[PDB]
Amino acid sequence: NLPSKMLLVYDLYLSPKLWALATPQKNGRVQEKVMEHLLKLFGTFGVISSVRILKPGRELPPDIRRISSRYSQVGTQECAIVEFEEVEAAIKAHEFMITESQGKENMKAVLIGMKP
């Protein structure tokens, strides 16, 4: 049995396409653009069971408010909570996420799951 297996996200809206290009949608603002685009990009390496995104100045849970505000560096504090089938999937995307988003303040991910 697994004790914990959750992942939190960052710097997805700072993409030149989302903030620099600004694409207004009838469905949902940055929330829809990022949520949808991430679906396929995430489903390819690992389907998501649920994605709870909390942007700044709104709702910052103890898990992110403490950790998210701690690794200040992505030039923007955007948090997202993903729940996949297992960390195995995520670990494959984590690297792919941080490796491609390395050096630049872009889409990132970190394994979140400690003892309460």
# chains A, B, ... in the order shown; residues from 1 in each chain; ligands from 1

$ select_by_dssp --residues "segment 6-88 of chain A" --states "strand (DSSP E)" --output "list in words"
residues 6, 7, 8, 9, 10, 48, 49, 50, 51, 52, 53, 54, 79, 80, 81, 82, 83 and 84 of chain A

$ residues_around --residues "segment 46-59 of chain A" --least-positions-apart "5" --cutoff "6 Å" --atoms "only C-alpha atoms" --output "ChimeraX atom specification"
/A:78-84,89

$ select_by_dssp --residues "segment 19-112 of chain A" --states "helix (DSSP H, G or I)" --output "ChimeraX atom specification"
/A:19-20,30-45,62-67,87-100

$ closest_residue --among "A:32, A:95, A:63, A:88" --to "residue 13 of chain A" --atoms "only C-alpha atoms"
A:32

$ atom_distance --atom1 "atom CA of residue 10 of chain A" --atom2 "atom CA of residue 33 of chain A"
14.9 Å

$ residues_around --residues "residue 113 of chain A" --least-positions-apart "4" --cutoff "10 Å" --atoms "only C-alpha atoms" --output "tab-separated table (two decimals) with N, CA, C and O atoms, in the first residue's frame"
chain	number	residue	atom	x	y	z
A	3	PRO	N	1.64	5.21	0.83
A	3	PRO	CA	1.30	6.20	1.86
A	3	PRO	C	0.77	7.50	1.27
A	3	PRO	O	-0.21	8.06	1.75
A	4	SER	N	1.43	7.98	0.22
A	4	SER	CA	1.03	9.21	-0.45
A	4	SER	C	1.55	9.23	-1.88
A	4	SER	O	2.58	8.63	-2.17
A	5	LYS	N	0.83	9.91	-2.76
A	5	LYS	CA	1.23	9.99	-4.16
A	5	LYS	C	0.53	11.15	-4.86
A	5	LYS	O	-0.38	10.95	-5.67
A	6	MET	N	0.95	12.37	-4.55
A	6	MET	CA	0.36	13.57	-5.15
A	6	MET	C	1.44	14.46	-5.76
A	6	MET	O	2.60	14.41	-5.35
A	7	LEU	N	1.05	15.27	-6.73
A	7	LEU	CA	1.98	16.17	-7.40
A	7	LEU	C	1.38	17.57	-7.54
A	7	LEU	O	0.19	17.72	-7.81
A	8	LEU	N	2.22	18.60	-7.37
A	8	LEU	CA	1.76	19.98	-7.48
A	8	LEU	C	2.47	20.66	-8.66
A	8	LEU	O	3.60	20.29	-8.99
A	63	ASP	N	-0.36	23.02	1.93
A	63	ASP	CA	0.58	22.21	1.16
A	63	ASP	C	1.36	23.06	0.15
A	63	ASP	O	2.54	22.81	-0.09

$ residues_around --residues "residue 29 of chain A" --least-positions-apart "6" --cutoff "12 Å" --atoms "only C-alpha atoms" --output "list in words"
residues 13, 18, 19, 22, 23, 35 and 36 of chain A

$ closest_residue --among "A:9, A:21, A:28, A:69" --to "residue 111 of chain A" --atoms "only C-alpha atoms"
A:9

$ residues_around --residues "residue 73 of chain A" --least-positions-apart "4" --cutoff "12 Å" --atoms "only C-alpha atoms" --output "list in words"
residues 10, 11, 68, 69, 77, 78, 102, 103, 104, 105, 106 and 108 of chain A

$ closest_residue --among "A:34, A:14, A:41, A:60" --to "residue 96 of chain A" --atoms "only C-alpha atoms"
A:41
